[PDB]
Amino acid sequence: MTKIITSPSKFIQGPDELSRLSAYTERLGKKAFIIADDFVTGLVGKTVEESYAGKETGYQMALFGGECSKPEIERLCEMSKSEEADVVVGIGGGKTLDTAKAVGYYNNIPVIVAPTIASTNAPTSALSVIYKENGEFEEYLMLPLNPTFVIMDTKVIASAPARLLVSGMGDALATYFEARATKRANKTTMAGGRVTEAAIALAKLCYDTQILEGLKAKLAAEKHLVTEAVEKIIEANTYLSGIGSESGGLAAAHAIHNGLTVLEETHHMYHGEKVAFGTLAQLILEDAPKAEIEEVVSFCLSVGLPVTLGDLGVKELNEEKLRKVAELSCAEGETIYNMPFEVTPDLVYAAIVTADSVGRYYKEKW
């Protein structure tokens, strides 16, 4: 009967926020350990360095090898202890951010994650995805706490390709539907309890913000510009969707995202792009009203999110392959069982292929 909502201790957003990084690390400790890969070090290194003017013994940069692996986490933990760091910062993509969270967990120090893109709802979450050094998935490392601070430098984020912001809209699109399903089912979330009113409200605002703001935000982000629409979408893609999914629940869309790994042609598509199509499949599965489906498909077409298997690179519907997608989506502990009805591979197969038919249908009609 327990309800839980979890959060970063602070979520901080604005243009040129990395220029105040020292003000934020100073609130948590005397000595920051700042992890970033080659590209991101060149991108933001000067801004970070300039932030610590007059405080120059209060940080050190560390070059990240690019993979969130156990060896790389151990190497950075040792360097961090060796430099006597009492706060860790990750700046970059998901692999960098997760590495920083892992380092903070192992060394027992607070963490700051500062994404340079807004393409998934992972940044706020109490989770590091660990890989082997060769790039294969190893494990999900569940953290006791969400990262202490999440910092969104909207100026840096807007310099990323717009495809990445749009992909974050796709990821954000699933949040309300998955949370609604989980709450309807009376099932539990990654936060470890049943769904709070706060989390479902944030999930709902997430969805509404995508519909109202996504297109306006895309048109600005294509030119690498920051408007208030871009500000609202960055918040929705990160905080709203992050709290919404972790404390509101995942369901069929994420499970279907995972199952699509079977289709090799879809590996070139980003996480949120595949989640967008998984959302359409969830809506068929739960048989959402045609009006709700049309609003989602319409939004996806307006911003360039996929609504067919074709849009994910799949040139031919293959029954054998699509069965495997459905089977993998329904594996033992998958999130698809948070739907408030019984689910089978046949039913998920039907949802996926019919989602593809619905997408094709509306593309041709509009």
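We number the residues from 1 along the sequence you see.
**Q** Averaging CA B factors per stretch from the PDB record, which one is higher: 237 to 245 or 129 to 137?
**A** In the deposited entry, the stretch with the higher C-alpha B-factor mean is 129 to 137.
**Q** Can you let me know which of the two, 299 to 307 or 324 to 332, has the higher average C-alpha B-factor in the entry?
**A** Higher of the two, by average CA B-factor, is 324 to 332.
**Q** Comparing recorded Cα B-factors across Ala252, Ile284, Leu225, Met79, which one is largest?
**A** By C-alpha B-factor in the record, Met79 ranks first.
**Q** Using the temperature factors in the entry, find which of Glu213, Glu83, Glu273, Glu231 has the highest value at its Cα atom.
**A** The C-alpha B-factor peaks, among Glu213, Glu83, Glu273, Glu231, at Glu83.
**Q** Please place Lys95 in the lowest, middle or highest third of its chain by C-alpha B factor as given in the entry.
**A** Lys95: CA B-factor falls in the lowest third of its chain.
**Q** If you rank every modelled residue in this chain by C-alpha B factor, which third holds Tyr52: lowest, middle or highest?
**A** CA B-factor rank for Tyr52: middle third.
**Q** Determine, from the deposited record, the chain-internal third of the Cα B-factor for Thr148: lowest, middle or highest.
**A** As the PDB entry reports it, the C-alpha B-factor of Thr148 lands in the lowest third of its chain.
**Q** Compared with the other modelled residues in the chain, in which third is the CA B-factor of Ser22?
**A** It falls in the middle third of the chain.
**Q** Sorting the chain's CA B-factors, does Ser357 end up in the lowest, middle or highest third?
**A** For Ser357, whose C-alpha B-factor we compare with every modelled residue in the chain, the answer is the middle third.
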